[PDB]
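Working notes, beginning with the structure itself.
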Amino acid sequence: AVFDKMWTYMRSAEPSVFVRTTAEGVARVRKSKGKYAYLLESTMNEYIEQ
Amino acid sequence: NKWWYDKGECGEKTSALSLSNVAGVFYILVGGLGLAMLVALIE
Amino acid sequence: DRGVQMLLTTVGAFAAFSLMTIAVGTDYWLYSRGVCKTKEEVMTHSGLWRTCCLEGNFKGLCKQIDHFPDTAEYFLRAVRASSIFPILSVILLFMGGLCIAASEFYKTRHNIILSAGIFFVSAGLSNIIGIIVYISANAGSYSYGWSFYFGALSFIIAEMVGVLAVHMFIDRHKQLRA
Ligand SMILES: CCCCCCCCCCCCCCCC(=O)O
């Protein structure tokens, strides 16, 4: 349920939630004050956090 | 459910208190000042 | 001293009247972000009567604010439309000026100075009611312009001059009883 709902939202989102690269995704989640979240691999997420 | 809700496009901090929801007490205050002036002048 | 007090009262009265008259005729009350001309949102002047535009494709254009695009709301809408209270403030300040002018001539009456005091105080009260009505009418970002603060400064000066007039009348009756 939960993940499918998130998928449906992301496909049905305007402007574009998706990104073309990890670097731009991190840059965007930084750009939005708290208005963006990024779903990515745990290891990469921890590394970016550090 | 799927086509009415699963495709559903749909499902704050307290604000400072504005001059509009204490305006009445200001009106009463100025009215009372006017009334007081009138009474003093009558006396 | 009596001479200095009278001069200061007269100057204050003139300053208050000038300030309020400028404020009630000028347009820089509310730096909101509205529409210069309709029937693209940009900065505006939005005075008491005409909402000139600014910083848009076309500047300087002014149109009379659309008053009246709930009887409780209807009465407030009507009172803001006429701006009776700002205008009544101006009138009362003018009448107080007339009283102070008649002070020097046809003097020894002692009750026209009291009249000036009462008119100035009443002008201040009218001004404060007007400010509240205006600010309430616009609750349906922004900033306030120099004409609004001209109105505010008018209120403070009017109250000071009223205090001066009342104190001066008291001094006159104190001298008379001695
Ligand atoms: C009992 C006397 C107290 C007097 C207090 C005086 C304080 C004055 C401070 C003025 C701040 C104005 C801020 C401007 C805001 C705006 O309109 O953008």
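The way I read the labels, and the way they are meant: chains A, B, ... in the order of the structure tokens, residue 1 as the first residue of every chain, and ligand 1 as the first ligand shown, with later ones counted on from there.
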List every residue of chain C that has an atom at most 10 Å from any atom of ligand 1, and for each one report the closest atom pair and its distance in Å to one decimal, counting only C-alpha atoms and all ligand atoms, with rows sorted by chain and then by increasing residue number, as CSV.
residue,atom,partner,partner_atom_place_in_ligand_line,distance
C:30,CA,ligand 1,17 (O),9.6
C:31,CA,ligand 1,17 (O),9.8
C:142,CA,ligand 1,18 (O),8.2
C:143,CA,ligand 1,17 (O),5.2
C:144,CA,ligand 1,17 (O),5.3
C:145,CA,ligand 1,17 (O),7.9
C:146,CA,ligand 1,17 (O),9.8
C:148,CA,ligand 1,17 (O),9.9
C:149,CA,ligand 1,17 (O),9.3
Selection from above, N, CA, C and O atoms, as a compact mmCIF listing (two decimals), in the first residue's frame, can you write it?
# COMPACT_ATOMS: atom_id res chain seq x y z
N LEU C 30 -0.40 52.13 1.93
CA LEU C 30 -0.21 50.70 2.03
C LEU C 30 0.56 50.20 0.82
O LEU C 30 0.00 50.07 -0.27
N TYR C 31 1.82 49.82 1.04
CA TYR C 31 2.61 49.17 0.01
C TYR C 31 2.23 47.68 -0.05
O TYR C 31 2.96 46.82 0.44
N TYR C 142 2.69 42.99 3.18
CA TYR C 142 2.37 44.39 2.95
C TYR C 142 3.24 45.24 3.86
O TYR C 142 4.02 44.72 4.65
N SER C 143 3.06 46.55 3.75
CA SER C 143 3.73 47.49 4.63
C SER C 143 2.95 48.80 4.61
O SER C 143 2.08 48.99 3.74
N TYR C 144 3.25 49.67 5.57
CA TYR C 144 2.56 50.95 5.66
C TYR C 144 3.50 52.05 5.21
O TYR C 144 4.69 52.07 5.56
N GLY C 145 2.95 52.98 4.41
CA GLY C 145 3.74 54.04 3.83
C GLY C 145 3.81 55.27 4.73
O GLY C 145 3.35 55.26 5.85
N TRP C 146 4.47 56.30 4.22
CA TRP C 146 4.73 57.49 4.99
C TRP C 146 3.46 58.31 5.21
O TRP C 146 3.45 59.14 6.12
N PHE C 148 0.46 57.03 6.04
CA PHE C 148 -0.09 56.44 7.24
C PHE C 148 0.62 56.97 8.47
O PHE C 148 -0.04 57.33 9.46
N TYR C 149 1.96 57.01 8.43
CA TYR C 149 2.67 57.53 9.58
C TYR C 149 2.49 59.04 9.75
O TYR C 149 2.63 59.56 10.84
Looking only at the backbone, which of the residues in segment 80-116 of chain C does DSSP tag as alpha helix (DSSP H), as a VMD selection string? chain C and resid 80 to 82 84 to 104 112 to 116
Writing out the chosen residues with N, CA, C and O atoms as a tab-separated table (two decimals), in the first residue's frame:
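Written output follows (part-v3.tsv):
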chain	number	residue	atom	x	y	z
C	80	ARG	N	-15.27	52.90	5.75
C	80	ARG	CA	-13.96	53.01	5.13
C	80	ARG	C	-14.08	53.72	3.79
C	80	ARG	O	-13.18	54.46	3.40
C	81	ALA	N	-15.20	53.49	3.09
C	81	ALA	CA	-15.42	54.09	1.79
C	81	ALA	C	-15.38	55.61	1.85
C	81	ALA	O	-14.65	56.24	1.10
C	82	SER	N	-16.13	56.16	2.81
C	82	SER	CA	-16.21	57.60	2.96
C	82	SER	C	-14.99	58.15	3.66
C	82	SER	O	-14.69	59.34	3.52
C	84	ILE	N	-14.88	58.81	6.65
C	84	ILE	CA	-15.51	59.86	7.42
C	84	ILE	C	-14.59	60.25	8.55
C	84	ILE	O	-14.40	61.42	8.83
C	85	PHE	N	-14.02	59.26	9.22
C	85	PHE	CA	-13.23	59.54	10.41
C	85	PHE	C	-11.96	60.31	10.12
C	85	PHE	O	-11.73	61.33	10.76
C	86	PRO	N	-11.15	59.92	9.14
C	86	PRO	CA	-10.05	60.81	8.74
C	86	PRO	C	-10.50	62.21	8.34
C	86	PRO	O	-9.91	63.20	8.79
C	87	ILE	N	-11.59	62.29	7.58
C	87	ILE	CA	-12.07	63.60	7.15
C	87	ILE	C	-12.58	64.38	8.36
C	87	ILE	O	-12.39	65.60	8.44
C	88	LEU	N	-13.29	63.70	9.27
C	88	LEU	CA	-13.81	64.36	10.45
C	88	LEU	C	-12.68	64.83	11.35
C	88	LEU	O	-12.81	65.88	11.99
C	89	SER	N	-11.59	64.05	11.40
C	89	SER	CA	-10.40	64.48	12.10
C	89	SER	C	-9.89	65.80	11.50
C	89	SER	O	-9.54	66.73	12.23
C	90	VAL	N	-9.82	65.86	10.18
C	90	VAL	CA	-9.33	67.07	9.53
C	90	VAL	C	-10.24	68.25	9.85
C	90	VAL	O	-9.75	69.34	10.15
C	91	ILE	N	-11.55	68.03	9.79
C	91	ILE	CA	-12.49	69.12	10.05
C	91	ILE	C	-12.33	69.61	11.50
C	91	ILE	O	-12.31	70.82	11.74
C	92	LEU	N	-12.25	68.68	12.45
C	92	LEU	CA	-12.12	69.07	13.85
C	92	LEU	C	-10.82	69.83	14.08
C	92	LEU	O	-10.79	70.79	14.85
C	93	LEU	N	-9.73	69.41	13.43
C	93	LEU	CA	-8.49	70.16	13.56
C	93	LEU	C	-8.66	71.57	13.00
C	93	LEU	O	-8.16	72.52	13.59
C	94	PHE	N	-9.36	71.70	11.87
C	94	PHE	CA	-9.59	73.03	11.31
C	94	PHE	C	-10.41	73.90	12.26
C	94	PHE	O	-10.10	75.08	12.45
C	95	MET	N	-11.43	73.34	12.88
C	95	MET	CA	-12.28	74.10	13.80
C	95	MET	C	-11.48	74.50	15.04
C	95	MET	O	-11.64	75.60	15.58
C	96	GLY	N	-10.60	73.62	15.52
C	96	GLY	CA	-9.72	73.97	16.61
C	96	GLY	C	-8.77	75.10	16.24
C	96	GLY	O	-8.48	75.96	17.05
C	97	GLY	N	-8.30	75.09	15.00
C	97	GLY	CA	-7.49	76.19	14.49
C	97	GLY	C	-8.27	77.49	14.51
C	97	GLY	O	-7.73	78.53	14.90
C	98	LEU	N	-9.54	77.44	14.09
C	98	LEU	CA	-10.37	78.64	14.12
C	98	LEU	C	-10.51	79.16	15.55
C	98	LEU	O	-10.44	80.37	15.77
C	99	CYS	N	-10.72	78.25	16.50
C	99	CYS	CA	-10.86	78.64	17.89
C	99	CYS	C	-9.58	79.32	18.37
C	99	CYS	O	-9.63	80.36	19.03
C	100	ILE	N	-8.43	78.74	18.05
C	100	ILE	CA	-7.18	79.30	18.55
C	100	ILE	C	-6.97	80.67	17.92
C	100	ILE	O	-6.44	81.57	18.56
C	101	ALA	N	-7.33	80.83	16.65
C	101	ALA	CA	-7.20	82.12	15.99
C	101	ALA	C	-8.09	83.17	16.67
C	101	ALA	O	-7.63	84.27	16.98
C	102	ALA	N	-9.34	82.80	16.96
C	102	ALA	CA	-10.24	83.67	17.69
C	102	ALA	C	-9.79	83.90	19.14
C	102	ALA	O	-10.35	84.74	19.82
C	103	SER	N	-8.82	83.12	19.63
C	103	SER	CA	-8.27	83.34	20.95
C	103	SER	C	-7.68	84.74	21.09
C	103	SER	O	-8.05	85.47	22.00
C	104	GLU	N	-6.79	85.10	20.16
C	104	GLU	CA	-6.07	86.37	20.27
C	104	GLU	C	-7.04	87.54	20.14
C	104	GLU	O	-7.04	88.46	20.97
C	112	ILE	N	-13.19	79.84	24.52
C	112	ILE	CA	-12.80	79.45	23.18
C	112	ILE	C	-11.49	78.70	23.22
C	112	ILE	O	-11.24	77.86	22.35
C	113	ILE	N	-10.64	78.97	24.21
C	113	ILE	CA	-9.43	78.17	24.38
C	113	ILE	C	-9.81	76.75	24.81
C	113	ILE	O	-9.23	75.77	24.32
C	114	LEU	N	-10.77	76.64	25.73
C	114	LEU	CA	-11.29	75.34	26.09
C	114	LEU	C	-11.87	74.63	24.87
C	114	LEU	O	-11.71	73.42	24.72
C	115	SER	N	-12.56	75.38	24.01
C	115	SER	CA	-13.12	74.80	22.81
C	115	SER	C	-12.01	74.26	21.91
C	115	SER	O	-12.16	73.17	21.33
C	116	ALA	N	-10.91	75.00	21.79
C	116	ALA	CA	-9.78	74.53	21.00
C	116	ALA	C	-9.25	73.22	21.57
C	116	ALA	O	-8.97	72.28	20.83
Neighbour list for segment 26-38 of chain A as a list in words, cut-off 12 Å, only C-alpha atoms, skip fewer than 6 positions in-chain: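 The residues satisfying every condition are residues 6, 10, 15, 16, 17, 18, 19, 20, 44, 45, 47, 48 and 49 of chain A.
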Show me a table, sorted first by chain and then by increasing residue number, of the residues of chain B having an atom at most 9 Å from chain C, each with its shortest atom pair and the distance in Å to one decimal, counting only C-alpha atoms and written as JSON lines.
{"residue": "B:18", "atom": "CA", "partner": "C:139", "partner_atom": "CA", "distance": 8.6}
{"residue": "B:19", "atom": "CA", "partner": "C:136", "partner_atom": "CA", "distance": 6.5}
{"residue": "B:20", "atom": "CA", "partner": "C:136", "partner_atom": "CA", "distance": 5.3}
{"residue": "B:23", "atom": "CA", "partner": "C:132", "partner_atom": "CA", "distance": 7.1}
{"residue": "B:26", "atom": "CA", "partner": "C:132", "partner_atom": "CA", "distance": 8.0}
{"residue": "B:27", "atom": "CA", "partner": "C:129", "partner_atom": "CA", "distance": 7.2}
{"residue": "B:30", "atom": "CA", "partner": "C:125", "partner_atom": "CA", "distance": 6.8}
{"residue": "B:33", "atom": "CA", "partner": "C:125", "partner_atom": "CA", "distance": 8.4}
{"residue": "B:34", "atom": "CA", "partner": "C:122", "partner_atom": "CA", "distance": 7.9}
{"residue": "B:37", "atom": "CA", "partner": "C:118", "partner_atom": "CA", "distance": 8.5}
Next, the residues of the selection above should be written as a PDB file, in the first residue's frame with C-alpha atoms.
ATOM      1  CA  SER B  18      -4.754  40.617  14.445  1.00  0.00           C
ATOM      2  CA  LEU B  19      -6.313  44.006  15.012  1.00  0.00           C
ATOM      3  CA  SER B  20      -9.593  42.605  13.619  1.00  0.00           C
ATOM      4  CA  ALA B  23     -11.265  45.868  17.242  1.00  0.00           C
ATOM      5  CA  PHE B  26     -11.055  49.582  20.797  1.00  0.00           C
ATOM      6  CA  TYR B  27     -14.424  50.868  19.585  1.00  0.00           C
ATOM      7  CA  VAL B  30     -13.088  55.320  22.234  1.00  0.00           C
ATOM      8  CA  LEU B  33     -13.836  58.336  26.111  1.00  0.00           C
ATOM      9  CA  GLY B  34     -16.328  60.301  24.048  1.00  0.00           C
ATOM     10  CA  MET B  37     -15.976  63.953  27.661  1.00  0.00           C
TER      11      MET B  37
END
Point-to-point distance in Å for atom CA of residue 24 of chain C and atom CA of residue 141 of chain C: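 About the pair atom CA of residue 141 of chain C and atom CA of residue 24 of chain C: they are 23.1 Å apart.
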Give me, as a list in words, the residues of chain B touching chain A, with the criterion being at most 12 Å (counting only C-alpha atoms). residues 2, 3, 5, 6, 7, 8, 9, 10 and 11 of chain B
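Interatomic distance, atom CA of residue 165 of chain C to atom CA of residue 13 of chain C: 10.1 Å.
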Separation of atom CA of residue 10 of chain C from atom CA of residue 161 of chain C, in Å and rounded to one decimal: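 Going from atom CA of residue 10 of chain C over to atom CA of residue 161 of chain C covers 8.3 Å.
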Please identify all polymer residues within 10 Å of residue 160 of chain C, counting only C-alpha atoms, omitting same-chain residues fewer than 5 positions from it, and present them as number ranges by chain. C: 9, 12-13, 16, 117, 120-121, 124, 154-155, 165
Could you write out the selected residues, including N, CA, C and O atoms, as a PDB file, in the first residue's frame?
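So part34.pdb came out as:
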ATOM      1  N   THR C   9       1.346  76.245  20.887  1.00  0.00           N
ATOM      2  CA  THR C   9       0.030  75.718  20.560  1.00  0.00           C
ATOM      3  C   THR C   9      -0.345  75.987  19.102  1.00  0.00           C
ATOM      4  O   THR C   9      -0.841  75.097  18.422  1.00  0.00           O
ATOM      5  N   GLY C  12       1.830  73.915  16.736  1.00  0.00           N
ATOM      6  CA  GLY C  12       1.417  72.530  16.811  1.00  0.00           C
ATOM      7  C   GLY C  12       0.101  72.291  16.076  1.00  0.00           C
ATOM      8  O   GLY C  12      -0.049  71.299  15.371  1.00  0.00           O
ATOM      9  N   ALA C  13      -0.868  73.186  16.257  1.00  0.00           N
ATOM     10  CA  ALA C  13      -2.153  73.042  15.583  1.00  0.00           C
ATOM     11  C   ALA C  13      -1.962  73.057  14.070  1.00  0.00           C
ATOM     12  O   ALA C  13      -2.528  72.222  13.359  1.00  0.00           O
ATOM     13  N   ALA C  16      -0.295  69.786  12.916  1.00  0.00           N
ATOM     14  CA  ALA C  16      -1.213  68.654  12.954  1.00  0.00           C
ATOM     15  C   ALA C  16      -2.188  68.722  11.783  1.00  0.00           C
ATOM     16  O   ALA C  16      -2.424  67.716  11.110  1.00  0.00           O
ATOM     17  N   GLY C 117      -9.097  73.161  22.887  1.00  0.00           N
ATOM     18  CA  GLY C 117      -8.638  71.935  23.524  1.00  0.00           C
ATOM     19  C   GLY C 117      -9.557  70.760  23.232  1.00  0.00           C
ATOM     20  O   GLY C 117      -9.099  69.687  22.856  1.00  0.00           O
ATOM     21  N   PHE C 120      -9.225  69.617  19.584  1.00  0.00           N
ATOM     22  CA  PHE C 120      -8.010  68.871  19.303  1.00  0.00           C
ATOM     23  C   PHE C 120      -8.088  67.475  19.862  1.00  0.00           C
ATOM     24  O   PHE C 120      -7.678  66.516  19.193  1.00  0.00           O
ATOM     25  N   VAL C 121      -8.607  67.330  21.082  1.00  0.00           N
ATOM     26  CA  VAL C 121      -8.724  65.996  21.653  1.00  0.00           C
ATOM     27  C   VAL C 121      -9.690  65.133  20.837  1.00  0.00           C
ATOM     28  O   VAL C 121      -9.417  63.967  20.549  1.00  0.00           O
ATOM     29  N   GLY C 124      -8.058  63.947  17.708  1.00  0.00           N
ATOM     30  CA  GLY C 124      -7.247  62.775  17.980  1.00  0.00           C
ATOM     31  C   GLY C 124      -8.070  61.494  18.076  1.00  0.00           C
ATOM     32  O   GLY C 124      -7.697  60.463  17.533  1.00  0.00           O
ATOM     33  N   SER C 154       0.181  63.022  13.191  1.00  0.00           N
ATOM     34  CA  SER C 154      -0.879  63.987  13.391  1.00  0.00           C
ATOM     35  C   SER C 154      -1.621  63.698  14.689  1.00  0.00           C
ATOM     36  O   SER C 154      -1.925  64.616  15.438  1.00  0.00           O
ATOM     37  N   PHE C 155      -1.955  62.428  14.932  1.00  0.00           N
ATOM     38  CA  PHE C 155      -2.665  62.077  16.154  1.00  0.00           C
ATOM     39  C   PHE C 155      -1.887  62.491  17.397  1.00  0.00           C
ATOM     40  O   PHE C 155      -2.435  63.132  18.292  1.00  0.00           O
ATOM     41  N   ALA C 165      -3.645  73.317  25.216  1.00  0.00           N
ATOM     42  CA  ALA C 165      -4.799  74.186  25.273  1.00  0.00           C
ATOM     43  C   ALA C 165      -5.508  74.074  26.621  1.00  0.00           C
ATOM     44  O   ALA C 165      -5.892  75.077  27.215  1.00  0.00           O
TER      45      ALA C 165
END
